[PDB]
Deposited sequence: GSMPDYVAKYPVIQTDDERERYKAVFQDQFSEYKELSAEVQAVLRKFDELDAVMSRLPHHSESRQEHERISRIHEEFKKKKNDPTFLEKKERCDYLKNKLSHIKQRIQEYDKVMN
């Protein structure tokens, strides 16, 4: 179903292996760098999270909660997350293809 599957079939030659390795290395750097952002945002949520109920405070908390909901549910952020989930999948496939071939060629 996804694009890479057709693009990365069973490896036949060492040249094709080195090509797959190269793509894994480039894309892996993008993945690592992208995850770093996402995780840092999740850290942002953690720090704020890190008495008796009052009228004033409840309103302030409610205002803060709403602001975070927008941040958590942000189309651009959700796109960054979707790319990580794609890259994780793409890289596993390429790694699996190299390993399969590697087992066969000792």
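Not built in the structure, per the record, are deposited positions 1-2, 53-59.
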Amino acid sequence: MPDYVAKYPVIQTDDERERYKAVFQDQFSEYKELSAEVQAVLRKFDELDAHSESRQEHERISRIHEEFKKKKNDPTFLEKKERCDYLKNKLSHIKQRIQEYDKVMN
From here on, numbers count along this sequence of modelled residues.
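Looking at 36-44 and 22-30 together, the entry lists the larger mean B-factor for 36-44, computed on C-alpha atoms.
The entry lists a Cα temperature factor for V104 that places it in the middle third of the chain's modelled residues. In this PDB entry, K80 carries a Cα temperature factor that places it within the lowest third of its chain's modelled residues.
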